[PDB]
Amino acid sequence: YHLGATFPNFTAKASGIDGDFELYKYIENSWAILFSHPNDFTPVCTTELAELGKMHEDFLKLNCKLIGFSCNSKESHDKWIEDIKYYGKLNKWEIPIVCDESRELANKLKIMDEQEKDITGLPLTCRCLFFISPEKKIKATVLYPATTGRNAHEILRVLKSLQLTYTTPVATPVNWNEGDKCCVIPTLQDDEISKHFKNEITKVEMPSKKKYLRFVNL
């Protein structure tokens, strides 16, 4: 699943609901982030899910769903959730965590961990991320191993960049955070700037004399 591919629909069991979870129904007209984790009841996973449970409103208000995913059962997810709530000082769990016990979805998405296996000796997923647009396109991906917890701040920062550059002709520079100046895309002609920007462009002159180094403060 290269960048720009269409993230496939699937139906699965999930935490906190009794019926079928269908992805496309859940994420219609929304950004989505689908994130996996190796095993329920393990420490790194608990810290990550507790953090994303805290940040869940920050995402929802940007019109972005969070969807969890592991190769554990529903009964595992539901019991483990009370651990995540306790660790994280949370009082309301809202992120659906998909179940993939058969590993069909994990094999199709190509997110298996290099190392981790459950108690039954069957393989488990790594820490994947898929950032998905309202049109079901994979805008960005990450595959972290079971050994290395994610940066939850980075997850919200990429999302903000993706949503900004979705509607405006800019790209966000190294280490950009919301509120910082961004870059004008290099193909945007100077005759074309005022149609798109209220504020002034800053030009930084380069030894090559090419005029591509332009910042804008939105």
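Numbering starts at 1 and follows the sequence shown.
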property	result
Average Cα temperature factor in the PDB entry - higher stretch of 124 to 132, 100 to 108	100 to 108
Mean C-alpha temperature factor, higher of 166 to 174 and 183 to 191	183 to 191
Chain-relative CA temperature factor third for residue 89	lowest
Chain third (lowest, middle, highest) by recorded CA B-factor, residue given as residue 36	lowest
Ranked C-alpha temperature factor of residue 115 among modelled chain residues, by third	highest
Ranked C-alpha temperature factor of residue 60 among modelled chain residues, by third	highest
